[PDB]
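What follows is entry-v7.pdb (PDB, C-alpha atoms).
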ATOM      1  CA  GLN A   1      85.835 -65.322  26.714
ATOM      2  CA  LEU A   2      86.620 -61.615  27.225
ATOM      3  CA  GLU A   3      84.933 -61.605  30.657
ATOM      4  CA  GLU A   4      87.263 -64.142  32.259
ATOM      5  CA  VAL A   5      90.234 -62.037  30.855
ATOM      6  CA  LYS A   6      89.302 -59.052  32.842
ATOM      7  CA  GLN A   7      88.086 -60.976  35.941
ATOM      8  CA  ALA A   8      91.558 -62.399  36.662
ATOM      9  CA  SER A   9      92.988 -58.967  35.654
ATOM     10  CA  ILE A  10      91.083 -57.244  38.369
ATOM     11  CA  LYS A  11      91.708 -59.881  41.074
ATOM     12  CA  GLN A  12      95.332 -60.162  40.341
ATOM     13  CA  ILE A  13      96.386 -56.554  40.398
ATOM     14  CA  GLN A  14      94.003 -56.108  43.363
ATOM     15  CA  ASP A  15      96.049 -58.464  45.507
ATOM     16  CA  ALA A  16      99.248 -56.913  44.126
ATOM     17  CA  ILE A  17      98.235 -53.444  45.237
ATOM     18  CA  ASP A  18      96.772 -54.249  48.659
ATOM     19  CA  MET A  19      99.642 -56.536  49.758
ATOM     20  CA  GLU A  20     102.378 -54.142  48.580
ATOM     21  CA  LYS A  21     100.625 -51.215  50.320
ATOM     22  CA  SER A  22     100.480 -53.361  53.489
ATOM     23  CA  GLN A  23     104.197 -54.220  53.209
ATOM     24  CA  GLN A  24     105.558 -50.681  52.752
ATOM     25  CA  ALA A  25     103.481 -49.215  55.564
ATOM     26  CA  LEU A  26     104.223 -51.622  58.289
ATOM     27  CA  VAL A  27     107.953 -51.096  58.458
ATOM     28  CA  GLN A  28     107.895 -47.317  58.567
ATOM     29  CA  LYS A  29     104.877 -46.711  60.586
ATOM     30  CA  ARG A  30     105.736 -49.279  63.234
ATOM     31  CA  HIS A  31     109.284 -47.699  63.151
ATOM     32  CA  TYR A  32     107.352 -44.687  63.542
ATOM     33  CA  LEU A  33     105.315 -45.603  66.528
ATOM     34  CA  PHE A  34     108.517 -46.584  68.663
ATOM     35  CA  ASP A  35     110.477 -43.632  68.025
ATOM     36  CA  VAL A  36     107.247 -41.303  68.612
ATOM     37  CA  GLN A  37     106.262 -42.506  71.958
ATOM     38  CA  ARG A  38     110.264 -42.667  72.959
ATOM     39  CA  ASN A  39     110.008 -39.075  72.208
ATOM     40  CA  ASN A  40     107.206 -38.350  74.277
ATOM     41  CA  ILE A  41     108.701 -40.310  77.121
ATOM     42  CA  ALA A  42     111.944 -38.877  77.095
ATOM     43  CA  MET A  43     110.611 -35.228  76.716
ATOM     44  CA  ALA A  44     108.687 -35.208  79.829
ATOM     45  CA  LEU A  45     111.308 -36.171  82.085
ATOM     46  CA  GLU A  46     113.502 -33.095  80.775
ATOM     47  CA  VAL A  47     111.141 -30.788  81.844
ATOM     48  CA  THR A  48     110.380 -32.514  85.039
ATOM     49  CA  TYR A  49     113.971 -32.394  86.316
ATOM     50  CA  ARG A  50     114.445 -28.905  85.178
ATOM     51  CA  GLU A  51     111.357 -27.264  86.330
ATOM     52  CA  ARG A  52     111.947 -28.287  89.430
ATOM     53  CA  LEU A  53     115.499 -26.542  89.579
ATOM     54  CA  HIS A  54     113.526 -23.437  89.012
ATOM     55  CA  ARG A  55     110.712 -24.119  91.369
ATOM     56  CA  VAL A  56     113.077 -24.724  94.059
ATOM     57  CA  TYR A  57     115.337 -21.911  93.729
ATOM     58  CA  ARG A  58     112.288 -19.720  93.613
TER      59      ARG A  58
ATOM     60  CA  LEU B   1     118.453  11.877 107.253
ATOM     61  CA  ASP B   2     119.450  15.427 107.979
ATOM     62  CA  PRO B   3     118.492  19.078 107.312
ATOM     63  CA  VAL B   4     117.754  21.978 109.598
ATOM     64  CA  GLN B   5     120.635  22.554 111.981
ATOM     65  CA  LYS B   6     118.979  24.635 114.433
ATOM     66  CA  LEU B   7     116.536  21.939 115.417
ATOM     67  CA  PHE B   8     118.594  19.306 113.669
ATOM     68  CA  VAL B   9     121.634  19.351 115.979
ATOM     69  CA  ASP B  10     119.577  18.170 118.953
ATOM     70  CA  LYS B  11     117.164  15.989 116.957
ATOM     71  CA  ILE B  12     119.790  14.007 115.085
ATOM     72  CA  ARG B  13     121.907  13.886 118.265
ATOM     73  CA  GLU B  14     119.090  12.024 120.075
ATOM     74  CA  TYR B  15     118.719   9.559 117.201
ATOM     75  CA  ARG B  16     122.409   8.579 117.339
ATOM     76  CA  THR B  17     122.119   8.084 121.122
ATOM     77  CA  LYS B  18     119.660   5.308 120.164
ATOM     78  CA  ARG B  19     122.245   3.527 118.064
ATOM     79  CA  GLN B  20     124.817   4.062 120.874
ATOM     80  CA  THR B  21     122.800   1.730 123.152
ATOM     81  CA  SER B  22     122.443  -2.045 123.329
ATOM     82  CA  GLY B  23     119.486  -2.397 125.658
ATOM     83  CA  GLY B  24     117.872  -2.207 122.227
ATOM     84  CA  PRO B  25     119.182   0.614 120.020
ATOM     85  CA  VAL B  26     118.215   2.748 123.048
ATOM     86  CA  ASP B  27     115.289   0.602 124.098
ATOM     87  CA  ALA B  28     112.799  -0.970 121.734
ATOM     88  CA  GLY B  29     109.217  -0.758 123.013
ATOM     89  CA  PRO B  30     106.536  -3.472 123.487
ATOM     90  CA  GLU B  31     104.329  -1.944 120.780
ATOM     91  CA  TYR B  32     106.699  -2.667 118.002
ATOM     92  CA  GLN B  33     107.454  -6.158 119.266
ATOM     93  CA  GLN B  34     103.735  -7.053 119.241
ATOM     94  CA  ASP B  35     103.258  -5.809 115.659
ATOM     95  CA  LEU B  36     106.506  -7.380 114.455
ATOM     96  CA  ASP B  37     105.394 -10.835 115.531
ATOM     97  CA  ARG B  38     101.981 -10.275 113.919
ATOM     98  CA  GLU B  39     103.407  -8.988 110.651
ATOM     99  CA  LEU B  40     105.863 -11.850 110.618
ATOM    100  CA  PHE B  41     102.994 -14.294 110.607
ATOM    101  CA  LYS B  42     101.253 -12.669 107.740
ATOM    102  CA  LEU B  43     103.889 -12.535 105.195
ATOM    103  CA  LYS B  44     104.629 -16.250 105.765
ATOM    104  CA  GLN B  45     101.019 -16.712 104.513
ATOM    105  CA  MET B  46     102.078 -14.459 101.576
ATOM    106  CA  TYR B  47     104.388 -16.873 100.176
ATOM    107  CA  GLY B  48     103.384 -20.132 101.827
ATOM    108  CA  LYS B  49     104.470 -21.725 105.106
ATOM    109  CA  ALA B  50     107.306 -23.822 103.737
ATOM    110  CA  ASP B  51     110.646 -22.392 104.806
ATOM    111  CA  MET B  52     112.678 -21.066 101.924
ATOM    112  CA  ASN B  53     115.905 -21.729 103.796
ATOM    113  CA  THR B  54     115.662 -25.001 101.899
ATOM    114  CA  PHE B  55     114.586 -25.509  98.286
ATOM    115  CA  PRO B  56     112.012 -27.876  96.836
ATOM    116  CA  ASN B  57     112.591 -31.450  95.440
ATOM    117  CA  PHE B  58     110.378 -33.556  93.017
ATOM    118  CA  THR B  59     109.645 -37.178  91.980
ATOM    119  CA  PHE B  60     109.407 -39.124  88.741
ATOM    120  CA  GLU B  61     107.145 -41.403  86.839
ATOM    121  CA  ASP B  62     106.290 -42.984  83.502
ATOM    122  CA  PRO B  63     103.538 -45.093  81.900
ATOM    123  CA  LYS B  64     103.037 -47.058  78.702
ATOM    124  CA  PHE B  65     100.754 -45.617  76.028
ATOM    125  CA  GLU B  66      99.999 -48.732  73.954
TER     126      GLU B  66
END

Written as structure tokens, how would this file's structure read?
Amino acid sequence: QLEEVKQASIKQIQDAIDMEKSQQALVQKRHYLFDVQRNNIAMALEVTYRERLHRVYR
Amino acid sequence: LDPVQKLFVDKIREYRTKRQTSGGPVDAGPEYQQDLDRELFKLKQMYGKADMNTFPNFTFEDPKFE
């Protein structure tokens, strides 16, 4: 009797945890990923225009 | 430019005569012209053979990470 009690107890909260951890992550981290890269992209170009205005004038 | 008047009067006088001439500032002299042209070469090497009468310009790019 007591075995089955705990067996469903484990499996049930297990799927609660893992699915809810999957849910929360995906939004932020993917939101993450998009803005990070954009970041990277944009930065480069700032420099690249600029540097040059130096390089040239030099 | 100027000190000792006893020599200086004549010496400085001859230098101004130079300036008061336009077949060169009284003359030039081959020797100088030869070295000038040489030295002119070298310093172009000193700072590259572009001509800094104009300035540089650049180009642009991007790629996708994922």

Apply the PyMOL selection byres ((chain B) within 7 of (chain A)) to the structure shown and report the selected residues as a ChimeraX atom specification.
/B:55-58

Which value, in Å to one decimal, gives the distance between CA of residue 44 in chain B and CA of residue 31 in chain B?
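Separating CA of residue 44 in chain B from CA of residue 31 in chain B is a distance of 20.7 Å.
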
How big is the axis-aligned box around the listed atoms of range 34-45 of chain A once 8 Å is added on each side, and where is its centre? Give both in Å to one decimal, as lines of an AutoDock Vina configuration file.
center_x = 109.1
center_y = -40.9
center_z = 75.1
size_x = 21.7
size_y = 27.4
size_z = 30.1

At a cut-off of 12 Å, using only C-alpha atoms, what residues contact range 4-18 of chain B? Leave out same-chain residues fewer than 6 positions from it and give the result as a count of residues only.
5

Which residue out of A:27, A:3, A:14, A:38 has the minimum interatomic distance to residue 63 in chain B when all atoms listed in the file are used?
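Among the listed residues, the smallest separation from residue 63 in chain B belongs to A:38.
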
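Going from CA of residue 47 in chain B over to CA of residue 35 in chain B, you cover 19.1 Å.
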